[PDB]
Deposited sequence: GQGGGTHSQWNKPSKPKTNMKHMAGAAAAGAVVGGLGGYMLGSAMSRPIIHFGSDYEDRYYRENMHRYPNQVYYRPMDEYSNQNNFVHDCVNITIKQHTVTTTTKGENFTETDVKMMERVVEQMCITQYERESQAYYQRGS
């Protein structure tokens, strides 16, 4: 029973690796702009929410993708899952 959030903008994250900084700029459109999540009411801890959200969002979006893609999406979808938590908090 994982819901799917509405579209949001993909963040722009900068990486220490010059390769990865640039890889992200070019490929960022290949990554989710929505996130899967179990509902905020089933968690006391945002860390568990985000962790779940990242795991499911990245599975659903691969169930095409490099190892580098998965580092990218780990940092970037976390940040989107945090945004989504913010969305549910406000509500």
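Chemist: Go through the deposited sequence from residue 1 and tell me which stretches lack C-alpha coordinates, in order.
Modeler: Deposited residues absent from the model fall in 1-37, 101-107, 136-141.
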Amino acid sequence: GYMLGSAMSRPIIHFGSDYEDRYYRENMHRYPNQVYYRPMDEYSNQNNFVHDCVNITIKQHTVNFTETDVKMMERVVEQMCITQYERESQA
From here on, numbers count along this sequence of modelled residues.
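Chemist: As stated in the PDB record, which stretch has the larger average Cα B-factor, 49-57 or 35-43?
Modeler: The stretch with the larger average C-alpha B-factor is 35-43.
Chemist: Is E67 in the lowest, middle or highest third of its chain when residues are ranked by C-alpha B-factor?
Modeler: Answer is highest: the recorded C-alpha B-factor places it there.
Chemist: Could you say whether, by C-alpha temperature factor, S17 belongs to the lowest, middle or highest third of its chain?
Modeler: Within its chain, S17 is a middle-third residue by C-alpha B-factor, going by the deposited values.
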